[PDB]
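1. Turn this into a model:
(2 chains)
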Amino acid sequence: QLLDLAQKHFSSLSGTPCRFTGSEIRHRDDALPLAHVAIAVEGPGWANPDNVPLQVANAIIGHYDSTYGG
Amino acid sequence: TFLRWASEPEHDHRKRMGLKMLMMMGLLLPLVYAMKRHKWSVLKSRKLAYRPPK
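-> Residues are numbered from 1 along each chain as shown, chains lettered A, B, ... in the order given. Please see the structure below:
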C-alpha cells in the first residue's frame, strides 16, 4: 500500500571529507550560574564498525544528573 | 709553556670538555627552544574576541 501510494504521489519527482581540528572556544561569562563544558575527539563515521564498541565504552562511562537516585 | 701547564694542569681536558659542552649546548638550546615554542603556540596563536550582548 505504501509503495503504490508513493508511486502515485512521488513519481512526479525529479530523477567533502571534513577536517577535525583540536581547538577550543571559551565564552567566558561569569554572570551565568553554571559552567557548561563539552570536550570531544574525532570519531568514526556511520559505516565504521568501531561505532559499536565505542558506544559500549561510553556506556561504561555512563551519565549522571543531580536528580539521579543512584 | 711548562709553567702554563704547571699553573693549569687541567688546560687540555678543560678545552676538550668545553668543546663537548659547546656541541651539546648548540644541540640542546634549539631543541628546548622548540619545545617551549610548541608549548607556547597555544597562547601565541590564540585569538581573543569581545562580544557584549548590548
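
2. alpha carbons only for contacts and neighbour counts from here, please
-> Will do.

3. In three-state terms, label the residue nearest to the spatial centre of chain B for me.
-> Centroid check for chain B by C-alpha atoms, centre = their mean gives residue B:29 as the closest residue, at 2.6 Å. Assigned with DSSP: H, G, I helix; E, B strand; the rest coil, residue B:29 falls in the helix class.

4. for residue A:53, same thing?
-> Residue A:53 is classified as helix under three-state DSSP.

5. Tell me how many other residues surround it.
-> 10 (other C-alpha atoms under 10 Å in any protein chain shown).

6. End to end on stretch B:6-15, go ahead and measure it.
-> Using C-alpha to C-alpha, to the nearest Å, one end of stretch B:6-15 lies 16 Å from the other.

7. from the chain's centre, how far out does stretch B:14-26 sit?
-> 13 Å (C-alpha atoms, centre = their mean, to the nearest Å).

8. and what of stretch A:6-26?
-> So, by C-alpha atoms, centre = their mean, the centroid of stretch A:6-26 is 15 Å from its chain's centroid.

9. Show me what counts as buried in it.
-> Residues of stretch A:6-26 include none that count as buried (16 or more other C-alpha atoms under 10 Å in any protein chain shown).

10. How about residues contacting it?
-> By C-alpha atoms under 8 Å, 6 or more residues apart in numbering or on different chains, the surrounding residues in contact with stretch A:6-26 are A:41-42.

11. Endpoint to endpoint, it covers what distance?
-> 49 Å.

12. Check which helix or strand the residue of chain A most remote from its centre maps to.
-> Distance from the centre of chain A peaks at residue A:8, with 35.4 Å (C-alpha atoms, centre = their mean). Assigned by DSSP states H and E, residue A:8 belongs to helix A:2-9.
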